[PDB]
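Values in this text are rule-based calculations from the coordinates and carry no lab data. Cβ coordinates were reconstructed from backbone atoms using ideal geometry, including for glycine residues, and neighbour counts include every protein chain displayed.
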């Protein structure tokens, strides 16, 4: 009895459409940059220059 | 003399009507739940889902 199902029975819902992706991304750190904190930064010169006096 | 009192003499006022009940009912605590304080909670997903990416 029960005839034939024509299609192969299986779980209907795929794994996708059931996954939510976090809005953000992670990035790698690399070493700390602490020259500015110790000394500070001064913007005095201009580009395409050569020397500071 | 003194005839009979018909009813049996006794203390007139029952124990009830002389009791006041505190408005609150204490409860048992069980162990502390401190996962939220240490790590925090993020509500990102939705129900009927399966995975987080």
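Closest approach to the axis carrying B onto A, counted by Cβ on chain B and given in whole Å with its residue, is B:37, 27. Over chain B, DSSP H runs of length four or greater, each weighted -39,500 (n - 2.57), average out per residue to a 222 nm ellipticity of -2000 deg cm²/dmol. In this assembly of identical copies, the label point of residue B:37 (Cα plus 7 Å along Cα-to-Cβ) is separated from its counterparts by 2.9 nm, sorted shortest first. Label points for residue B:25 are taken 7 Å from Cα along Cα→Cβ. From this copy to the others they lie 5.6 nm apart, shortest first. Indicate the gyration tensor shape class of chain A (rounded, prolate or oblate), computed on the Cα atoms with a ≥ b ≥ c the square roots of the eigenvalues: a/c under 1.5 is rounded; otherwise a/b larger than b/c is prolate and the rest oblate. Verdict is prolate for chain A.
Spatially, chain A and region B:1-47 are offset by 56 Å when compared through their Cα centroids.
Classify the protein assembly as shown as rounded, prolate or oblate, taking a ≥ b ≥ c as the square roots of the eigenvalues of its Cα gyration tensor: rounded when a/c is under 1.5, otherwise prolate if a/b is larger than b/c and oblate if not. Oblate is the answer for the protein assembly as shown, as a/c is 1.5 or above yet b/c matches or exceeds a/b.
Ranked from shortest, the separations from the 7 Å Cα-to-Cβ label point of residue B:14 to its equivalents in the other copies are 7.4 nm.
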